[PDB]
Amino acid sequence: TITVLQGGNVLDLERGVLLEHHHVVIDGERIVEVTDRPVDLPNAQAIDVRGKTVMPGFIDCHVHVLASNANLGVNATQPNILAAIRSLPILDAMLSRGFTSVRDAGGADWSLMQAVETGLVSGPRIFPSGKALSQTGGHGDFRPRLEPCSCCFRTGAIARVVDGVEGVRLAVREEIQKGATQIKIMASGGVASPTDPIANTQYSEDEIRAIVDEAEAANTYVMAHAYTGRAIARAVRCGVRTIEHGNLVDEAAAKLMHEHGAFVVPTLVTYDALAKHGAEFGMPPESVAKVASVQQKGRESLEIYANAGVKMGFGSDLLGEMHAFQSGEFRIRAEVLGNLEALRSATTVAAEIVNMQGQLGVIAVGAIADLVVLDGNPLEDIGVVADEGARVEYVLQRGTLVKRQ
Amino acid sequence: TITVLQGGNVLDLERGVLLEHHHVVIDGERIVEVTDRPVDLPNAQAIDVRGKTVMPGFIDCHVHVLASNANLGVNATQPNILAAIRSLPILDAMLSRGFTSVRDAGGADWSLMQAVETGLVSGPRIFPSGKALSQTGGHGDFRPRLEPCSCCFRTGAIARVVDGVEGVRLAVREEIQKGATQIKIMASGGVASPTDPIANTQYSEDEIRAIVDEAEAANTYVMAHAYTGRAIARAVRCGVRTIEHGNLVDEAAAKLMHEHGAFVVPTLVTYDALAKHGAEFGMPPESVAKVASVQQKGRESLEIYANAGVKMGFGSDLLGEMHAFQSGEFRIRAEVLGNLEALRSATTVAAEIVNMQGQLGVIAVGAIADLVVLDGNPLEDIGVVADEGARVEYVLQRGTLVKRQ
Amino acid sequence: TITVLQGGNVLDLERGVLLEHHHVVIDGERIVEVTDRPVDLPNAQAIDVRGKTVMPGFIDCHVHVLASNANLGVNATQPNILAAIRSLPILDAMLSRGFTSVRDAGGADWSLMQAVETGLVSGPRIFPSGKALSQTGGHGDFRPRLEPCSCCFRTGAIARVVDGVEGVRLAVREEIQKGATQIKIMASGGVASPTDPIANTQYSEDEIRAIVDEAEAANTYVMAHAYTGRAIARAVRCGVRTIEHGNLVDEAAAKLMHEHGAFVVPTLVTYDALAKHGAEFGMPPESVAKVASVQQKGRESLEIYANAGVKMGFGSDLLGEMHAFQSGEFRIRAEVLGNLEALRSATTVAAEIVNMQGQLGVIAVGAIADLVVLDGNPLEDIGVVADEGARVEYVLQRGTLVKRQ
Amino acid sequence: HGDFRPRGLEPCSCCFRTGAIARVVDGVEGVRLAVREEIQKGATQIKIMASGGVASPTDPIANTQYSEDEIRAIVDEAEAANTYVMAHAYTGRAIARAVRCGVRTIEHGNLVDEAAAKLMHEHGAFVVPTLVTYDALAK
Ligand SMILES: [Zn+2]
Ligand SMILES: [Zn+2]
Ligand SMILES: [Zn+2]
Ligand SMILES: [Zn+2]
Ligand SMILES: [Zn+2]
Ligand SMILES: [Zn+2]
Ligand SMILES: [Zn+2]
């Protein structure tokens with residue numbers, strides 16, 4: 001059968017206007033009609049959406065669903081079944097904030113992706129990376145300042161450690177076999193790892209090139225964690241498609257990104273959260289030392305990306321109980337670029353990042369019915385979205401209604 | 001001693017005509033005379049071939065002699081001595097259908113080649129690949145969507161999983177030591193494997209280039225499994241000599257193939273069989289999902305190959321009890337290319353592929369005595385050879401008579 | 001349906017007489033009636049057996065079906081599929097000689113057993129030992145007088161080398177998981193192995209005990225290869241059930257064997273064969289040095305076992321092309337004990353050895369229809385059995401007729 | 001009864017799948033180590049298979065599993081950690097020896113004779129029949 005959201009103000013994002021009193025008609029999992037007709041509803045579930053905004057369900061392009069606590073070291077060493085359990089609330093809470101799809105950046109696997117798709121578990125559709133690739137002593141290596149690691153994969157582990165061209169090549173083939181949808185690598189130092197300062201680069205160009213080739217071979221792409229313009233530039237020229245964080249770009253690297261057609265997924269909200277509640281939520285004292293420097297240029301970088309004409313996706317990257325602040329990223333972006341853009345990042349641009357242009361992030365005929373129904377107009381008050389589930393009262397996923405609030 | 005097939009109509013393939021009441025004289029294992037003389041037979045076994053077509057014994061360029069059931073996963077896991085035993089009827093039946101030589105595309109080894117050649121076992125001469133080479137998660141990787149290890153060689157295993165330039169180099173040197181005649185790899189997604197969609201490529205160009213080198217070093221070639229024009233172009237540029245299946249060529253790839261002097265071996269019959277009796281004969285349900293798409297472009301591709309002028313060999317690639325349909329490939333090709341071509345693909349073109357030009361696939365002086373005697377004329381009715389056999393009453397192999405029907 | 005052997009002279013073994021003009025009625029796989037009635041055959045396959053001896057099909061308690069050549073060293077190293085192929089002739093010949101069941105003493109596995117039971121392959125029912133257990137440098141170690149060795153089970157290998165209590169324990173649990181029906185161990189030096197003189201013992205009492213226990217825990221027994229009275233005595237005290245060869249007993253050991261209720265399976269024909277054609281058929285020169293001694297006391301031992309009242313079963317132990325000599329063991333035993341006793345060793349006593357008392361080795365109601373039809377009377381001329389398959393013209397196996405000669 | 005490998009074979013197995021009911025270990029030291037491992041990981045008691053069963057491929061229910069040395073080593077290591085061993089067993093034969101080796105509770109136990117029962121009462125051993133499962137597996 002068939003469902004009609006009636007009399008909503010449909011958000012159309014490429015023109016940037018509400019379309020008032022437009023009905024939208026769902027058959028099965030897909031949108032069949034968007035019109036301001038009196039519509040011919042014989043056996044349709046009518047949900048009355050008068051004076052309320054209906055827009056495409058949001059896409060978060062950088063989450064760690066399995067990051068149930070803020071020390072990613074100790075997250076990795078928690079027992080498997082507990083690691084899994086603890087992700088469930090995280091998933092549920094994402095969905096009710098309006099997020100109908102997430103690109104998980106290391107941790108989530110194909111089993112979790114199936115769990116939501118078969119209905120076994122409530123949450124967003126996951127686009128899994130499997131495990132992030134990290135070189136030894138890299139952003140994914142959580143060993144404190146002897147070595148030989150570890151036979152087999154803990155379900156709590158964000159990353160795996162692999163070095164060498166043949167090593168990475170294999171690892172990518174293994175991850176794609178295990179059903180990843182894209183490949184995440186760490187291509188610079190970070191904040192949450194013990195031994196790497198943020199300014200230095202990770203992986204040789206030979207390794208990154210091998211990885212990008214093996215991903216392309218399986219008709220997907222590489223996403224890459226990378227802060228400085230030096231770290232970004234190399235990664236992009238090796239052929240990576242999306243850059244994660246990217247807090248310390250220069251315009252030279254920004255220009256190179258635009259030119260190559262590479263995307264960026266800023267994750268500003270995680271730095272504010274780790275500012276307030278950093279050493280407080282159990283993340284090592286010398287990791288909170290590293291967080292002071294990246295949030296500075298963080299806001300500033302957004303302008304640079306916008307100036308160069310680089311597409312920016314929505315990303316949170318929140319760990320542990322800081323997971324609640326997910327929606328706040330809308331606000332931060334709205335402050336710097338217009339809140340049309342802030343919304344675009346979680347919809348149209350996001351949908352392109354995950355290769356579902358036309359499929360998600362748009363209310364149009366043929367598209368998947370992933371809808372959010374919003375009390376108020378985000379186009380003028382960004383707060384209706386950025387206030388943590390406050391003002392979202394319906395969530396639709398693949399046709400079916402999943403939240404009523 | 002010495003043998004005479006008297007008064008036959010000898011099929012000459014490069015001219016495309018029967019030569020009536022030509023006698024053919026066999027001494028030892030070789031053809032010594034083809035003539036329409038009254039011939040001078042003192043102590044020759046006269047076999048009377050009046051009004052019946054005598055042609056070269058057929059060559060099949062793609063078989064899996066050891067594929068005794070349609071689930072190649074379970075075929076691989078079956079006990080060694082049982083895998084061996086169950087290939088015996090397969091071999092026998094192939095010979096009875098007129099196939100005096102087969103190129104096995106993964107599975108059969110040098111021991112099976114020996115068993116026929118010393119007469120310990122009835123079948124076609126085998127040109128063994130040993131085991132096909134497959135990357136991890138490739139068309140030869142039969143592990144479900146874990147990641148164990150393995151690595152003793154099951155005698156029912158079609159392929160082996162090897163990654164990396166050195167890995168593949170070693171693998172080819174091993175396969176050639178055990179006495180492979182040519183090297184098979186998987187360069188693309190496939191149908192009969194769990195985790196690889198058909199549209200993606202397999203192996204880096206370094207790996208394939210390595211492989212081709214090690215093959216050429218032992219004075220033989222590589223046969224590569226590939227479907228799409230993208231997969232085929234890259235393989236051909238790396239220097240593979242024969243392409244298997246090739247159902248989804250564009251003409252740009254076919255042009256390249258012709259240019260490089262590469263062959264194709266289409267296997268159209270297997271898809272028809274897997275259409276009818278796919279899930280029925282125990283091949284996993286999501287493999288029969290993938291069979292729908294490749295048989296479409298299958299017949300079309302034949303034209304593409306013929307237009308670009310790419311030599312086409314005969315291949316069956318039938319698994320399990322679907323082995324019976326082997327000869328039906330003649331019909332399929334005849335229907336697109338006329339039956340002179342269809343006969344050429346299993347004789348003159350085939351013999352060139354297995355580097356036996358002038359040794360097999362031609363009735364001429366000095367050639368090996370691999371002869372089929374046919375009741376009817378295949379030049380006008382393709383049915384006389386494409387009918388389970390039915391109409392083949394003599395098969396000669398290296399001089400001696402092996403089937404009387 | 002149903003079958004009748006009519007008017008035969010049924011051999012009854014416990015009373016030791018022919019029963020003339022007794023009909024035997026087979027339904028399915030079982031014997032339903034043995035009677036000298038005019039029998040009421042409506043739709044029965046009548047096979048006319050007037051004036052011919054019908055007796056139970058023979059059981060040979062010690063064969064090596066996989067021993068396709070006389071050098072067990074080189075037999076083990078032959079390629080897997082070739083090892084399998086070569087056993088097919090061997091099995092077929094055994095069946096034609098009247099043997100409807102064989103107890104394989106290392107080499108044959110469950111899959112071969114299945115091959116015959118499912119009728120994939122013609123031959124006797126097999127009771128597989130899997131692989132003989134042998135200590136390092138023991139009768140099953142074929143390494144020249146060094147080390148590394150071997151990860152994987154060659155299908156042509158008679159034995160495996162395992163040492164120590166936990167080692168042999170695991171070895172037995174494995175062999176039974178793979179579906180051995182009983183367990184073979186080497187408990188002494190032998191003839192066909194490079195490094196062990198026949199006089200000395202093999203395995204500790206601890207190992208043998210552990211082995212016997214694990215056998216008994218799986219509701220089967222241990223068969224043990226042992227020559228000297230010292231080697232025999234110890235094995236029997238450890239609770240092994242049958243003794244293979246046994247050529248150099250003293251009566252003290254024999255007495256203990258009787259006391260414990262342990263059988264013996266002498267294999268005298270193999271030493272005569274190795275006398276004539278030893279170094280001739282490719283068995284290493286210092287192995288044929290060892291064969292001189294054992295045949296001496298061989299005929300003499302038979303008396304000792306008889307005197308002590310130790311049950312004897314039928315055994316050949318023939319290797320390679322010397323397999324042909326299988327039935328000659330009848331004549332050899334008939335020469336020393338009566339030819340009644342010689343037929344008993346292949347029937348009633350043999351069926352007890354393989355735990356099939358009342359199931360095989362007797363023509364009686366409810367027993368399995370494993371029958372041989374014999375031209376002449378073996379109770380007076382032992383040559384009607386011991387002339388290979390000269391004088392056996394019907395063989396019935398599990399109801400159905402398998403040889404017509 | 002814990003070994004779910006088909007009658008091949010004999011490869012494989014590296015790590016612990018969280019959906020696995022059992023592990024395969026053989027030998028006196030092997031079991032000893034496995035018990036210590038299991039207790040370190042936080043088991044409250046130790047479960048063993050001392051008999052053939054129903055839900056496993058290769059073992060007929062009539063026959064026994066583990067040597068008395070193995071079982072008794074298992075019981076000791078469990079007692080050293082102030083717990084007990086529970087043991088899966090059907091027949092009176094398989095039951096008796098388990099109890100003689102000092103296992104505290106017997107699982108299923110569908111095929112006792114009063115001989116084994118009497119021995120069980122004497123040693124102070126419990127039984128946990130699971131009759132419902134066989135009705136369910138019947139339908
Ligand atoms: Zn990152
Ligand atoms: Zn991250
Ligand atoms: Zn293929
Ligand atoms: Zn193939
Ligand atoms: Zn022996
Ligand atoms: Zn033997
Ligand atoms: Zn149980």
# chains A, B, ... in the order shown; residues from 1 in each chain; ligands from 1
>>> residues_around(residues="residue B:129", least_positions_apart="2", cutoff="12 Å", atoms="only C-alpha atoms", output="ChimeraX atom specification")
/B:61-65,102-113,126-127,131-133,158-160,171-172,174-185,215,220-224,354
>>> residues_near_ligand(ligand="ligand 5", cutoff="8 Å", atoms="only C-alpha atoms and all ligand atoms", output="PDB file with N, CA, C and O atoms, in the first residue's frame")
ATOM      1  N   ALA C 105      43.819 -52.120   5.917  1.00  0.00           N
ATOM      2  CA  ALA C 105      44.731 -52.000   7.036  1.00  0.00           C
ATOM      3  C   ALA C 105      45.554 -50.729   6.932  1.00  0.00           C
ATOM      4  O   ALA C 105      46.706 -50.698   7.356  1.00  0.00           O
ATOM      5  N   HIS C 139      57.278 -48.750  11.618  1.00  0.00           N
ATOM      6  CA  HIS C 139      56.945 -49.524  10.413  1.00  0.00           C
ATOM      7  C   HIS C 139      56.156 -48.709   9.385  1.00  0.00           C
ATOM      8  O   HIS C 139      56.010 -49.117   8.234  1.00  0.00           O
ATOM      9  N   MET C 186      51.035 -49.834  14.315  1.00  0.00           N
ATOM     10  CA  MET C 186      52.231 -50.638  14.119  1.00  0.00           C
ATOM     11  C   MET C 186      52.894 -50.828  15.479  1.00  0.00           C
ATOM     12  O   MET C 186      53.270 -49.848  16.118  1.00  0.00           O
ATOM     13  N   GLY C 190      58.929 -54.223  10.937  1.00  0.00           N
ATOM     14  CA  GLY C 190      58.337 -54.994   9.863  1.00  0.00           C
ATOM     15  C   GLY C 190      59.310 -55.324   8.756  1.00  0.00           C
ATOM     16  O   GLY C 190      60.493 -55.580   9.000  1.00  0.00           O
ATOM     17  N   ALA C 224      46.601 -54.606  15.394  1.00  0.00           N
ATOM     18  CA  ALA C 224      48.004 -54.305  15.595  1.00  0.00           C
ATOM     19  C   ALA C 224      48.945 -55.211  14.800  1.00  0.00           C
ATOM     20  O   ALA C 224      48.871 -56.441  14.881  1.00  0.00           O
ATOM     21  N   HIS C 225      49.843 -54.578  14.049  1.00  0.00           N
ATOM     22  CA  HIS C 225      50.902 -55.258  13.317  1.00  0.00           C
ATOM     23  C   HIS C 225      52.055 -55.615  14.263  1.00  0.00           C
ATOM     24  O   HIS C 225      52.688 -54.716  14.833  1.00  0.00           O
ATOM     25  N   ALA C 226      52.321 -56.913  14.442  1.00  0.00           N
ATOM     26  CA  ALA C 226      53.397 -57.376  15.350  1.00  0.00           C
ATOM     27  C   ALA C 226      53.930 -58.767  15.000  1.00  0.00           C
ATOM     28  O   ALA C 226      53.161 -59.678  14.705  1.00  0.00           O
ATOM     29  N   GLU C 244      48.027 -58.639  13.514  1.00  0.00           N
ATOM     30  CA  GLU C 244      48.315 -58.863  12.115  1.00  0.00           C
ATOM     31  C   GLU C 244      49.664 -59.555  11.948  1.00  0.00           C
ATOM     32  O   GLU C 244      50.622 -59.243  12.658  1.00  0.00           O
ATOM     33  N   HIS C 245      49.728 -60.476  10.985  1.00  0.00           N
ATOM     34  CA  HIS C 245      50.930 -61.252  10.671  1.00  0.00           C
ATOM     35  C   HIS C 245      51.209 -62.299  11.739  1.00  0.00           C
ATOM     36  O   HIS C 245      50.778 -63.433  11.606  1.00  0.00           O
ATOM     37  N   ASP C 317      47.477 -58.921   2.564  1.00  0.00           N
ATOM     38  CA  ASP C 317      48.526 -57.904   2.695  1.00  0.00           C
ATOM     39  C   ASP C 317      49.361 -57.775   1.416  1.00  0.00           C
ATOM     40  O   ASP C 317      50.533 -57.435   1.477  1.00  0.00           O
TER      41      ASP C 317
END
>>> calpha_fit_rmsd(fixed="chain C", moving="chain B")
0.3 Å
>>> interface_residues(of="chain B", to="chain A", cutoff="9 Å", atoms="only C-alpha atoms", output="PyMOL selection string")
chain B and resi 135-138+144-147+163-165+195-197+199-204
>>> select_by_dssp(residues="stretch 52-257 of chain C", states="helix (DSSP H, G or I)", output="ChimeraX atom specification")
/C:72-77,80-85,87-96,110-117,165-177,205-217,229-237,251-257
>>> write_last_selection(atoms="C-alpha atoms", output="mmCIF file, in the first residue's frame")
data_model
loop_
_atom_site.group_PDB
_atom_site.id
_atom_site.type_symbol
_atom_site.label_atom_id
_atom_site.label_comp_id
_atom_site.auth_asym_id
_atom_site.auth_seq_id
_atom_site.Cartn_x
_atom_site.Cartn_y
_atom_site.Cartn_z
ATOM 1 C CA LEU C 72 55.068 -48.025 -0.002
ATOM 2 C CA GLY C 73 57.494 -45.123 0.198
ATOM 3 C CA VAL C 74 56.905 -44.148 -3.412
ATOM 4 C CA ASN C 75 53.216 -45.139 -3.172
ATOM 5 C CA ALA C 76 52.752 -42.427 -0.549
ATOM 6 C CA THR C 77 54.356 -39.781 -2.773
ATOM 7 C CA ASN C 80 46.407 -37.857 -5.010
ATOM 8 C CA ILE C 81 44.093 -38.347 -7.954
ATOM 9 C CA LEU C 82 46.446 -40.982 -9.429
ATOM 10 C CA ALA C 83 46.521 -42.852 -6.110
ATOM 11 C CA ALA C 84 42.726 -42.987 -6.220
ATOM 12 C CA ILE C 85 42.408 -44.041 -9.859
ATOM 13 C CA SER C 87 42.902 -48.490 -6.614
ATOM 14 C CA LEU C 88 39.895 -49.003 -8.894
ATOM 15 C CA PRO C 89 41.305 -52.042 -10.787
ATOM 16 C CA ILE C 90 42.476 -53.439 -7.440
ATOM 17 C CA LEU C 91 39.001 -53.266 -5.893
ATOM 18 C CA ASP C 92 37.294 -54.699 -8.979
ATOM 19 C CA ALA C 93 39.627 -57.687 -9.105
ATOM 20 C CA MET C 94 39.125 -58.490 -5.400
ATOM 21 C CA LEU C 95 35.363 -58.621 -5.936
ATOM 22 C CA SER C 96 35.659 -60.994 -8.898
ATOM 23 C CA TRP C 110 35.381 -43.359 4.525
ATOM 24 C CA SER C 111 34.936 -41.769 1.072
ATOM 25 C CA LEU C 112 36.094 -44.958 -0.635
ATOM 26 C CA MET C 113 33.772 -46.963 1.612
ATOM 27 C CA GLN C 114 30.983 -44.650 0.413
ATOM 28 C CA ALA C 115 31.997 -44.936 -3.214
ATOM 29 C CA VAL C 116 31.257 -48.650 -3.108
ATOM 30 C CA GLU C 117 28.132 -48.399 -0.931
ATOM 31 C CA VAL C 165 49.993 -40.202 24.628
ATOM 32 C CA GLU C 166 48.222 -36.972 23.758
ATOM 33 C CA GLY C 167 49.439 -37.381 20.176
ATOM 34 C CA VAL C 168 48.005 -40.830 19.630
ATOM 35 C CA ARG C 169 44.846 -39.938 21.551
ATOM 36 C CA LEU C 170 44.187 -37.060 19.170
ATOM 37 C CA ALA C 171 45.188 -39.234 16.234
ATOM 38 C CA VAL C 172 42.507 -41.785 17.088
ATOM 39 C CA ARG C 173 39.791 -39.163 17.705
ATOM 40 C CA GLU C 174 40.624 -37.703 14.294
ATOM 41 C CA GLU C 175 40.604 -41.053 12.485
ATOM 42 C CA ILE C 176 37.217 -41.884 13.962
ATOM 43 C CA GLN C 177 35.803 -38.459 13.153
ATOM 44 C CA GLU C 205 52.559 -49.390 26.618
ATOM 45 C CA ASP C 206 51.165 -45.987 27.557
ATOM 46 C CA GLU C 207 50.537 -45.005 23.952
ATOM 47 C CA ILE C 208 48.984 -48.342 23.026
ATOM 48 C CA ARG C 209 46.771 -48.264 26.105
ATOM 49 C CA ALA C 210 45.618 -44.713 25.271
ATOM 50 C CA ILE C 211 44.917 -45.845 21.691
ATOM 51 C CA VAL C 212 42.891 -48.872 22.753
ATOM 52 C CA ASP C 213 40.889 -46.757 25.173
ATOM 53 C CA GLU C 214 39.922 -44.188 22.563
ATOM 54 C CA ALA C 215 38.972 -47.049 20.238
ATOM 55 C CA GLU C 216 36.750 -48.650 22.888
ATOM 56 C CA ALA C 217 35.221 -45.274 23.679
ATOM 57 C CA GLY C 229 56.067 -63.176 20.732
ATOM 58 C CA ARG C 230 57.470 -60.390 22.929
ATOM 59 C CA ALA C 231 55.916 -57.687 20.698
ATOM 60 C CA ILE C 232 52.648 -59.626 20.544
ATOM 61 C CA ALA C 233 52.390 -60.325 24.266
ATOM 62 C CA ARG C 234 52.708 -56.670 25.226
ATOM 63 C CA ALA C 235 50.160 -55.509 22.655
ATOM 64 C CA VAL C 236 47.604 -58.064 23.841
ATOM 65 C CA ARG C 237 48.076 -57.039 27.495
ATOM 66 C CA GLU C 251 53.277 -70.659 22.565
ATOM 67 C CA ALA C 252 53.438 -68.560 25.747
ATOM 68 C CA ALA C 253 52.227 -65.549 23.754
ATOM 69 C CA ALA C 254 49.712 -67.701 21.865
ATOM 70 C CA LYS C 255 48.307 -68.963 25.204
ATOM 71 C CA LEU C 256 47.880 -65.379 26.405
ATOM 72 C CA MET C 257 46.181 -64.475 23.146
#
>>> closest_residue(among="D:75, D:12, D:94, D:80", to="chain C", atoms="only C-alpha atoms")
D:94
>>> residues_near_ligand(ligand="ligand 7", cutoff="12 Å", atoms="only C-alpha atoms and all ligand atoms", output="PyMOL selection string")
chain D and resi 1-2+21-22+47-56+61+86-90+105-110+128-131+133-134
>>> write_last_selection(atoms="C-alpha atoms", output="compact mmCIF listing (two decimals), in the first residue's frame")
# COMPACT_ATOMS: atom_id res chain seq x y z
CA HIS D 1 29.28 -33.34 20.79
CA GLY D 2 30.81 -29.88 20.52
CA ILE D 21 28.43 -23.23 21.90
CA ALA D 22 31.66 -25.20 22.39
CA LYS D 47 30.52 -27.52 30.99
CA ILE D 48 31.90 -30.56 29.15
CA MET D 49 30.52 -33.13 26.73
CA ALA D 50 31.06 -36.64 28.22
CA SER D 51 28.93 -38.49 25.68
CA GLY D 52 27.56 -38.50 22.12
CA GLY D 53 24.50 -36.34 21.58
CA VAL D 54 21.71 -35.28 19.23
CA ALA D 55 22.65 -31.88 17.71
CA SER D 56 26.17 -32.80 16.52
CA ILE D 61 24.63 -41.12 21.32
CA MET D 86 28.43 -29.98 34.63
CA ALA D 87 28.49 -32.80 32.11
CA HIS D 88 26.42 -33.84 29.14
CA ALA D 89 25.73 -37.59 29.16
CA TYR D 90 22.96 -39.91 28.02
CA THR D 105 25.69 -32.27 37.75
CA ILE D 106 24.66 -34.42 34.81
CA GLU D 107 22.77 -32.91 31.88
CA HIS D 108 19.89 -34.72 30.14
CA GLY D 109 20.69 -38.21 31.40
CA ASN D 110 17.81 -39.72 29.44
CA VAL D 128 19.08 -31.73 34.95
CA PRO D 129 16.69 -33.42 32.53
CA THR D 130 15.66 -31.31 29.55
CA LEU D 131 12.63 -33.23 28.34
CA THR D 133 13.57 -29.97 23.92
CA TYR D 134 12.96 -33.45 22.56
>>> select_by_dssp(residues="stretch 69-312 of chain C", states="strand (DSSP E or B)", output="number ranges by chain")
C: 99-104, 125-127, 132-134, 159-161, 183-186, 188, 201, 222-228, 242-248, 263-265, 312
>>> atom_distance(atom1="atom CA of residue B:405", atom2="atom CA of residue B:393")
4.2 Å
>>> residues_around(residues="residue D:97", least_positions_apart="4", cutoff="12 Å", atoms="only C-alpha atoms", output="JSON, numbers by chain")
{"C": [217], "D": [50, 51, 64, 65, 66, 67, 68, 69, 70, 71, 72, 87, 89, 90, 91, 92, 93, 101, 102, 103, 106, 115, 116, 117, 119, 120, 123]}
>>> interface_residues(of="chain D", to="chain B", cutoff="12 Å", atoms="only C-alpha atoms", output="ChimeraX atom specification")
/D:5-18
>>> write_last_selection(atoms="N, CA and C atoms", output="mmCIF file, in the first residue's frame")
data_model
loop_
_atom_site.group_PDB
_atom_site.id
_atom_site.type_symbol
_atom_site.label_atom_id
_atom_site.label_comp_id
_atom_site.auth_asym_id
_atom_site.auth_seq_id
_atom_site.Cartn_x
_atom_site.Cartn_y
_atom_site.Cartn_z
ATOM 1 N N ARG D 5 32.107 -30.037 12.821
ATOM 2 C CA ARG D 5 32.725 -30.232 11.523
ATOM 3 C C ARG D 5 32.134 -31.446 10.847
ATOM 4 N N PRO D 6 31.810 -31.315 9.551
ATOM 5 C CA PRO D 6 31.233 -32.441 8.828
ATOM 6 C C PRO D 6 32.280 -33.531 8.627
ATOM 7 N N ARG D 7 31.828 -34.765 8.434
ATOM 8 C CA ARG D 7 32.718 -35.891 8.172
ATOM 9 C C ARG D 7 33.493 -35.666 6.865
ATOM 10 N N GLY D 8 34.667 -35.046 6.935
ATOM 11 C CA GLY D 8 35.402 -34.693 5.718
ATOM 12 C C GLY D 8 36.132 -35.865 5.080
ATOM 13 N N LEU D 9 39.044 -34.350 6.740
ATOM 14 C CA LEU D 9 38.825 -32.902 6.777
ATOM 15 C C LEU D 9 39.893 -32.214 7.626
ATOM 16 N N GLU D 10 39.483 -31.795 8.823
ATOM 17 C CA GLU D 10 40.378 -31.385 9.910
ATOM 18 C C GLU D 10 41.238 -30.150 9.697
ATOM 19 N N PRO D 11 40.611 -29.007 9.374
ATOM 20 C CA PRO D 11 41.390 -27.783 9.385
ATOM 21 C C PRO D 11 41.107 -26.987 10.654
ATOM 22 N N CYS D 12 41.633 -25.766 10.711
ATOM 23 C CA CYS D 12 40.869 -24.587 11.159
ATOM 24 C C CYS D 12 40.278 -24.548 12.582
ATOM 25 N N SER D 13 40.761 -23.592 13.370
ATOM 26 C CA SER D 13 39.918 -22.520 13.916
ATOM 27 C C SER D 13 40.733 -21.647 14.850
ATOM 28 N N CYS D 14 40.667 -20.336 14.660
ATOM 29 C CA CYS D 14 41.651 -19.450 15.275
ATOM 30 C C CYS D 14 41.118 -18.843 16.577
ATOM 31 N N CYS D 15 39.988 -18.155 16.464
ATOM 32 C CA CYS D 15 39.485 -17.283 17.508
ATOM 33 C C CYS D 15 38.111 -17.742 17.908
ATOM 34 N N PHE D 16 37.588 -17.133 18.956
ATOM 35 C CA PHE D 16 36.311 -17.570 19.452
ATOM 36 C C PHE D 16 35.167 -16.762 18.867
ATOM 37 N N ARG D 17 34.365 -17.435 18.051
ATOM 38 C CA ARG D 17 33.122 -16.883 17.538
ATOM 39 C C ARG D 17 32.131 -16.761 18.695
ATOM 40 N N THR D 18 31.479 -15.609 18.835
ATOM 41 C CA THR D 18 30.594 -15.404 19.988
ATOM 42 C C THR D 18 29.321 -16.224 19.919
#
>>> residues_around(residues="stretch 370-372 of chain B", least_positions_apart="3", cutoff="7 Å", atoms="only C-alpha atoms", output="list in words")
residues 54, 55, 56, 57, 98, 100, 394, 395, 396, 397, 398 and 399 of chain B
>>> atom_distance(atom1="atom CA of residue C:250", atom2="atom CA of residue C:228")
7.9 Å
>>> residues_around(residues="residue A:380", least_positions_apart="3", cutoff="12 Å", atoms="only C-alpha atoms", output="list in words")
residues 16, 17, 18, 53, 331, 334, 338, 339, 340, 342, 343, 376, 377, 383, 384 and 385 of chain A
